[PDB]
Amino acid sequence: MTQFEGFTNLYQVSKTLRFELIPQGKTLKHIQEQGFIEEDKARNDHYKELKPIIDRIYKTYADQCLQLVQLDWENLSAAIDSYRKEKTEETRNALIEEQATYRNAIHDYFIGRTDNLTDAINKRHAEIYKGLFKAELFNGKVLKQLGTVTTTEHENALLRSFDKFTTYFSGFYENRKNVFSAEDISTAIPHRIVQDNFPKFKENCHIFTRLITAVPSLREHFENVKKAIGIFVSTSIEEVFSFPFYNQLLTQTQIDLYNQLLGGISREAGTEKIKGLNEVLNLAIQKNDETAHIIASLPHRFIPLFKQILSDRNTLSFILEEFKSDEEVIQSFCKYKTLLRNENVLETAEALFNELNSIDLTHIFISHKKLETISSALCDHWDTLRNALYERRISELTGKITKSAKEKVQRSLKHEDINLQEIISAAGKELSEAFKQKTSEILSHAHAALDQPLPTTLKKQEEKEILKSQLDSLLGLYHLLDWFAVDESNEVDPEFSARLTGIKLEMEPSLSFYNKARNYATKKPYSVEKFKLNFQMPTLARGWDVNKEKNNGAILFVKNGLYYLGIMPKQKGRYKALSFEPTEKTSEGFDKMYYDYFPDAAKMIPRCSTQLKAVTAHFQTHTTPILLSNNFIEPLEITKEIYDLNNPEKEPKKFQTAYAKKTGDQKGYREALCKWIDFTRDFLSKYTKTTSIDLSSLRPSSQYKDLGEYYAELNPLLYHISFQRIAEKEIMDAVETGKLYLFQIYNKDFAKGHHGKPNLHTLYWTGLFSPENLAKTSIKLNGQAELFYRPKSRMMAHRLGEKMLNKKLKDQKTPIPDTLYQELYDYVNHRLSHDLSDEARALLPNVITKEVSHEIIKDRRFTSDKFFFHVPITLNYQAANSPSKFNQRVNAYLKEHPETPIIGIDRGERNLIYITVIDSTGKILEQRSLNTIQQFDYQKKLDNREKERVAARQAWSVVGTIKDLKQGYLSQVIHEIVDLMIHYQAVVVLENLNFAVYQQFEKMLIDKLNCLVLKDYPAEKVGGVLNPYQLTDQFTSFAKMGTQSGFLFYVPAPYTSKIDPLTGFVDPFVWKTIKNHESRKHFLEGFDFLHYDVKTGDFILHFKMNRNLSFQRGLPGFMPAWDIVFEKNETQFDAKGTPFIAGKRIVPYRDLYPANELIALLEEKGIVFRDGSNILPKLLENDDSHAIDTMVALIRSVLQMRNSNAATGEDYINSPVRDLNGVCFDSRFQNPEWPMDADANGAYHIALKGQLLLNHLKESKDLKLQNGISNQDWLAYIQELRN
RNA sequence: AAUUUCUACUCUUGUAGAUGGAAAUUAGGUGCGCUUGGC
DNA sequence: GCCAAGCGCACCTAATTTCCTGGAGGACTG
DNA sequence: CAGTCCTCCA
Ligand SMILES: [Cl-]
Ligand code: NA
Ligand code: NA
Ligand code: NA
Ligand code: NA
Ligand code: NA
């Protein structure tokens, strides 16, 4: 029966290993002498130049084809709707197949097989497409079929720089096939049209229809927005939101226009922007009138379309020009400062503002658009000035002060510019003082800016800061002058207005200078990157096979446990085999690898037999057999039956499974399969590369049930590695003459002083070449390896006479906090320029310092030029390339192991990751925040690093990365979770994110569990390098992933945190529906009673689940009724003796004590309650709307079981119901058997949703897990278990 | 405070854990500036 | 001061596709 | 023309 250790050898997994290459002997001298590195750098530069030129072909051809497309989209819309309505596997597969049909319909324009075009157009498209993804791109013929464009002399020079080297673009050809493909892939144009953009467009049509039906005036507003922007002039707004128009939204220029209909168009900074549809809808909603509420109740924002693949983005909005050099910025700005000094702008400003101390301020106006900005800059609140003006005007109203009259005043303050005197009269004399102080500050800073010289360059950050500081100062004055109203309607002071307008015009360039300087100063400087090496060989390291060593140029050696890469360049322009001679293993030398590989038999056997040019030709005019002798030890016969079998008039081929599905003719399928397999055996016995391979371990041909099973057993026999000794002198002579470039393949596990455990990747590599792996392949060495040169890129070091400081104290446990560490490091190195702090001096006797016995240099690896080697490998080589029924295999194990434990993993409000381990019946075994891992607080480090990056962006300084820190943290999390999973043999349950540290964790966890090696395991145990664990399903993409990946499950997050762990109770009410006095009264009427319990001092509020249904979330759960408790607010103590108050709530933030507040309420009302009588009828019959509102707010507070206060560290769960043993859960008791806080409660219930899935799997007769967990099924399940 | 590379380290000229590359594309985010508005 | 809808710029981050090849085939050489 | 070696098929 099933065994946890059986989750091994299930599917092949590919990885890349990376090593440094250390040149040996004269290798580096020869490489430098030959100029290979400079030549490889030039080739990479030429590629970078030539790629955008070649992409003109693809862009132009794709755009020309897409302009012809005209499809009917009704069927795709119908399949989308049916899947959304039904949400079944049947309607999902219908949509998937409909999407394929539409993608193919688009693709048929590219390849010229669409009925919607003529034969002549289709034929030219086929001729173009035939040469789009090979070296025919380079001859320029396709240019004639696309337009009148021809190549410039510089372009021809780039093209000829790849003569006899166009295979440098081989990968690029594949990247472009990914653009035009009809497959369901995100890189491709058909996918982009069918699955990204059409659903968005379809939804926009629906949004439009609902909006203009409800509010018909929106139709005219939308039409006028379209007319005002001047786009789609020939199409009515209705037609823009109808399916046929989508055929006009497939090219980028059209997509850009549509998105600008939605988003509007900006001109230069500081001028009014042209509004699009979404702004019009937003403004209509912010009017807050009756129509606003209606619009707000409907979907009210249109969805922009994604860009078309490869296409250039265009915009109608204004684009600033760019500064191009340090000297352009500094000189241009310095000229501008000089003009401002000459124009006397600052003296004029100072004189204008000084005039405000004596001129008539009733004719100086503040812009109503600026009043809240000014209030924030001058007062203590953004609304201080608005409220003051409101209060003053209220006190000036004549007669009775109506609500309407007060509203009129409020409206006026949004529509009218305010004279400065009214502001001063309304706000008081302290407003004038703040005004004076702000003006003096702004002017004084602008002054110091005009006087201070600019730096010579912008190379140092301190020089950038001078530039930014002066721009900040002039922008401040620019902002200040814009405080004053510009509208012609105001009775402006004429001389003051003309003077203010003058210096404003002179200040207008400041805004453009500000943005232009930022856009330049914040550009990232040119950086050193590694580049690919070819040594002038187009297929360098493309494969390792013995027969191609001369042409691929690459071989491998082992000597004394060290590994070497040998590169064999051309000799005087010609390839020359080195012909190393095997010798006795007694001879001193190197072991050279001999690699034999006949690639994927599914493609390679047809390529070398049935698909030969002479065979295909023969079977057009003949039915007789043809016999092949070239590279066959005895002739291989090809019959018409065999040929037809692999070349059917129409797919599928008869020996594939698809033929047995579609036809249902199993006698024929099993006949064809046996015949084709027999043919491959005939081929393999005769082809010179394979004739010596012993294939007797394969089963009789008839016994294979399908071809993939046969190839999965065949392919491991077609790959072999062995070694032969090569004499020392032959290798050293070859390096001396320059026929062999020899590099040690290096990482630090090969260092002389190495003595610890190796990296996993080193174990993969030494495992690959171990005797056991050579005898039976678990790990294959793959071709398509790559070599790189990385020029140095850094110049901080611990010099020899200095001291180093351990981060941990003498006890080797306690870390030194960051601020003390730097101070103590300076102190012990006699570089502290001040007193040691008290705490640092207290730590001083317990620090550990190290004498620098040998220089240790930060970034040392980046401070010299290096060579690198990237080499792919494949693990689990005995398995098929993809698993069959992985999840069912796991589920069979899980049904046979009903005691399997469960690891729940949650993302928390105050915890990056929180884990709870439960046994199979829900008992908590372990629970733990992972903010801190081994005394390092990654939570704090990440938060600090993000604050640094924000401050850096604001300061125009180097931002740097946070991804490397996130990955370092997550690798520690991975290590911990995997260790728990292996120790417990547990399932792991994560949040289903369809309901960033946590999402990145999910992918790394899945990926680790596709191929899990534990470096301490013996190689031959499951989990050792030659028998990796495989516990998750093969990863392909997140979008293509269900709710199960082997031992990993995904569950919805709702009702996992705000749920009582002892009962499964959740707050059933939707508080947005309890709005006003009448519904509040109905809400209280829906409870059976509220009464005081004199025995305990609690209040009990009895609720039956079938009452108050209009206020409920529609989730009755399992219990017919609940006793909601107002807990007596008494002192309790946790496990450590710390007090807390029972029943406390944290509400928006104050502490609230509901039982005590209820008592105070009842005593205020004179309502008798100590007799146990029902309180609710007394409140209801008395009908005090404030008392009733307080009652309902108290009920809402009691039902708020999660209570958090970031300032006190509180984040607890206190249930409002008692469980079957009388207990009201409170996490503040800190009972380690229950969730210790709210995030732990979330992880606990995440795990229990996994338990629900395992329980239902157990009770089912199949091996399929249920897809999804509805909220009601979850609540009924968990409440039934707990009650 | 050394690295294939990342993170955390320093008994140890190195230690612990992680690490699928390259190409191509697309999406999103942060920050700054600006527009019309809401509070 | 915060927020909504939106436009411009700077750089950072992550997801999703492909390949992980020997030898047939023929263009280019001398 | 025969040998070389870049290109790209299956
Ligand atoms: Cl929740
Ligand atoms: Na190690
Ligand atoms: Na990559
Ligand atoms: Na942005
Ligand atoms: Na604004
Ligand atoms: Na914005």
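What counts and how
Residues numbered from 1 in each chain as written, not as in the entry; some residues may be left out. Chains lettered and ligands numbered in written order. Heavy atoms only, no water. Residues with missing side-chain atoms left out of burial classes, pairs and counts. Near = heavy atom within 4 Å. Polar contact = N/O pair within 3.5 Å; in protein donor to acceptor, adjacent residues only side chain to side chain. Helix = DSSP H or I, 4+ residues; strand = E, 2+ residues; numbered from the N terminus. Nonpolar A, V, L, I, M, F, W, Y, C, P; charged D, E, K, R; others polar. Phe/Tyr/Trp six-rings, centres within 6.5 Å; stacked < 30°, edge-to-face > 60°. Buried < 20%, exposed > 50% of the residue type's maximum accessible area, 1.4 Å probe, protein only. Core = buried A, V, L, I, M, F, W, Y, C linked by side-chain atoms within 4.5 Å. Contact = heavy atoms within 4.5 Å. Salt bridge = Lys/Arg side-chain N within 4 Å of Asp/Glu carboxyl O. Pairing = 2+ DSSP bridges. Axes fitted to C-alpha atoms, helices over the stretch in contact; angles between N-to-C directions. UniProt positions renumbered as here; feature names shortened; annotations may be inferred. Arc of directions from axis to C-beta.

Per the deposition metadata, X-ray crystallography was the technique used to determine this entry, at a resolution of 2.000 Å.

Draft legend 1. Quick look at the protein's contact with DNA strand C. Around DNA strand C, the surrounding shell holds 63 residues, and the nearest of these are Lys613, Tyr687, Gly783, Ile962 and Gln1000. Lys548 places a polar side-chain atom, nitrogen or oxygen, 3.1 Å from a base oxygen of DNA strand C. Between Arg953 and DNA strand C, the recorded distance is 3.0 Å, taken from a side-chain N or O atom to a sugar or linking oxygen. Elements represented by at least two residues in the surface near DNA strand C include exactly α13 (277-286), α17 (371-378), α24 (509-521), β8 (589-597), α26 (601-607), α38 (938-954) and α40 (997-1010). When its residues are assigned to classes, the surface near DNA strand C shows 16 nonpolar, 26 polar and 21 charged.

Draft legend 2. The arrangement of the packing of aromatic side chains in detail. Inspection of every chain in the model, using the stated rule, returns 89 aromatic pairs. Between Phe241 and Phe302, the ring centres sit 4.9 Å apart and the planes meet at 35°, which makes this aromatic pair tilted. A residue pair is termed long-range when its members are at least 10 positions apart, and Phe241 in the loop between α11 (237-240) and α12 (252-263) and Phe302 in the loop between α14 (290-297) and α15 (326-342) qualify at 61 residues. Each member of the pair, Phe241 together with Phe302, is buried. Here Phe1140 and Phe1229 contribute two aromatic rings whose centre-to-centre distance is 5.0 Å and whose plane-to-plane angle is 85°, an arrangement assigned as edge-to-face. The exposure class assigned to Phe1140 is buried, which follows from its relative accessible area of 9%. When its relative accessible area of 33% is taken as the criterion, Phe1229 is described as partly exposed.

Draft legend 3. How the structure looks around the nonpolar core. Counting residues in each nonpolar core, the largest one holds 121 residues, and the members touching the most others are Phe535, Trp544, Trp765, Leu781, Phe869 and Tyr969. The biggest single contributor to this core is helix α39 (residues 963-984), with 11 residues. Filtering out sequence-adjacent residues up to four positions away, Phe869 remains in contact with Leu17, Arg18, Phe19, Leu21, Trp544, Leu565, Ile745, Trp765, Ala785, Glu786 and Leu787. Judged by nonpolar contacts, the second largest core, of 78 residues, contains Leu76, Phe110, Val240 and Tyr246.

Draft legend 4. Molecular detail of the protein's contact with RNA strand B. Surveying the vicinity of RNA strand B reveals 83 residues, the closest of which are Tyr47, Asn175, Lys307, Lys530 and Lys1008. Counting only the atoms of RNA strand B within 4 Å of the protein, the fraction contributed by sugar and phosphate is 74%. At 2.8 Å, a side-chain N or O of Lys369 approaches a phosphate oxygen of RNA strand B. If you tally residues by element for the surface near RNA strand B, the top one is strand β1 (residues 13-23), at 6 residues. Partitioning the surface near RNA strand B into residue classes produces 26 nonpolar, 26 polar and 31 charged.

Draft legend 5. The arrangement of the environment of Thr88 in detail. Considering the arrangement of structural elements, one finds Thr88 in the loop between α3 (74-86) and α4 (89-111). On a C-alpha basis, the gap between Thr88 and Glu736 in space is 70 Å, while along the polypeptide they are 648 residues apart. At 3.0 Å, the side chain of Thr88 and the side chain of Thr91 are in polar contact.

Draft legend 6. The pattern of salt bridges, seen in detail. Counting across every chain of the model gives 63 salt bridges. When the shortest N-O distance is used, the salt bridge between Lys26 and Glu736 registers 4.0 Å. Linking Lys26 in the loop between β1 and α1 (27-34) with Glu736 in helix α32 (residues 728-737), this pair joins segments that are 710 residues apart in sequence. A salt bridge links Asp1189 to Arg1080, with the nearest nitrogen and oxygen atoms 3.4 Å apart.

Draft legend 7. Here's a closer look at the sheet that holds strand β21 (residues 914-918). Spatially, 6 strands are ordered β22-β21-β20-β25-β27-β26 in an open sheet, and the strand pairing comes out mixed. Both outer strands of the open sheet, β22 (924-929) and β26 (1044-1045), are each paired with one neighbouring strand and no more. As paired elements, strand β20 (residues 902-906) and strand β25 (residues 987-991) share 3 bridges and run parallel to each other. If you follow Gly904 over to β25, its bridge partner there is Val989. Helix α45 (residues 1238-1259) contacts β20, β21, β22, β25 and β27 (1048-1051) of the sheet and is inclined by roughly 135° relative to β20.

Draft legend 8. Structural view of the UniProt feature "DNA-binding region" in chain A. Residues annotated by UniProt as "DNA-binding region" correspond here to residues 599-607, 780-783, 949-966 and 1037-1039. Secondary structure over residues 949-966 splits into 56% helix and 0% strand, and the C-alpha atoms at its two ends are 14 Å apart.

Draft legend 9. Geometry of the pairing of strand β11 (residues 719-727). Relative to β11, strand β7 (residues 582-583) runs antiparallel, the two sharing 2 bridges. If you follow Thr583 over to β11, its bridge partner there is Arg725. Here β8 pairs with β11 via 9 bridges, running antiparallel. Within the sheet, the bridge partner assigned to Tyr594 lies in β11 and is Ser722.

Draft legend 10. α13, seen in detail. Within the span of α13, buried status applies to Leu277, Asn278, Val280, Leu281, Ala284 and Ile285. Each buried residue of α13 lies within a common arc of 160° when the element is viewed along its axis, so the set occupies one face. Contacts from the buried residues of α13 go to α9 (189-214), α10 (217-229), α12 and α14. Directly after α13, the chain includes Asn288, whose backbone phi takes a positive value near 60°.

Draft legend 11. Quick peek at the side chain of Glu223. Mapped onto the secondary structure, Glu223 falls in helix α10. What makes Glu223 buried here is its relative accessible area of 9%. Leaving out residues up to four positions away in the same chain, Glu223 has contacts with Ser236 and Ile237.

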